[PDB]
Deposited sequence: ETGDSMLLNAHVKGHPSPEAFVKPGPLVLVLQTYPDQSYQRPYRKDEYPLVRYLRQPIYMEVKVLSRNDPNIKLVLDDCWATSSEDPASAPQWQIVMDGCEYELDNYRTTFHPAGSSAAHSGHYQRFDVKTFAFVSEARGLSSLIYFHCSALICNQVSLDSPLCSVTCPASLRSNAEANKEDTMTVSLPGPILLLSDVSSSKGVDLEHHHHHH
């Protein structure tokens, strides 16, 4: 089994992740929060991709209310979040880096993600077109994904 994690980094340099005892983080509205979904491996073939990312006001990723950040591999802006991806310029496919921007509140962040082996059996999420089209009633479906959350919440403050 391959194992995924969701982490936050201090800045766009992605030098080291925040650890648990540094949470809760403190951020301001419209300030970028630099996040990464990473595979803990060492296989060069594999490529990590996101499915959904969303925020809750309680620790439980299943709790309501929710704000959608990423949907079907693409930025979702309708819930008042902006996401910017950060491609790497080795093992580039072992992680997906992105920053999120929000438009005093305590927020918990989660993503769902999966791995691509470059095989016919690869998820549709392995090659996607963005922006993503909204789902129909029947279109709702679950890929085989792992849910990952941050070690702690983030406090959003008004600038």
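Practice prompt. List in ascending order the stretches of the deposited sequence, numbered from 1, that lack C-alpha coordinates.
Written response: According to the record, the gaps fall at 1-25, 67, 116-118, 133-141, 198-213.
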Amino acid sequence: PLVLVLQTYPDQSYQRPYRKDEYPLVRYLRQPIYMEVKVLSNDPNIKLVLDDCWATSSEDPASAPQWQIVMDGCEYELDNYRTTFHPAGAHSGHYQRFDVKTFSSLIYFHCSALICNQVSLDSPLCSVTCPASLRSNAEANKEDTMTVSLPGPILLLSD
From here on, numbers count along this sequence of modelled residues.
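Discussion item. Test of understanding: from the entry's C-alpha B-factors, which stretch has the higher mean, 49-57 or 124-132?
Written reply: That would be 124-132.
Worksheet item: Do the C-alpha atoms of 64-72 or of 115-123 have the higher average B factor in the entry?
Response: Of 64-72 and 115-123, the stretch with the higher C-alpha B-factor average is 115-123.
Item to complete: Tell me, please, which of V100, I107, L40, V37 has the highest C-alpha B factor according to the deposited entry?
Response: Largest recorded C-alpha B-factor: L40.
Fill in: Third of the chain's Cα B-factor distribution that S13 belongs to, per the entry
Tercile = middle for this residue's CA B-factor.
Worksheet item: Taking the C-alpha B-factors as the PDB entry records them, is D21 in the lowest, middle or highest third of its chain?
Response: Lowest third - that is where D21 ends up once the chain's C-alpha B-factors are sorted.
Item to complete: Among all modelled residues of this chain, ranked by Cα B factor, put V3 in the bottom, middle or top third, i.e. lowest, middle or highest.
Response: Middle third by C-alpha B-factor.
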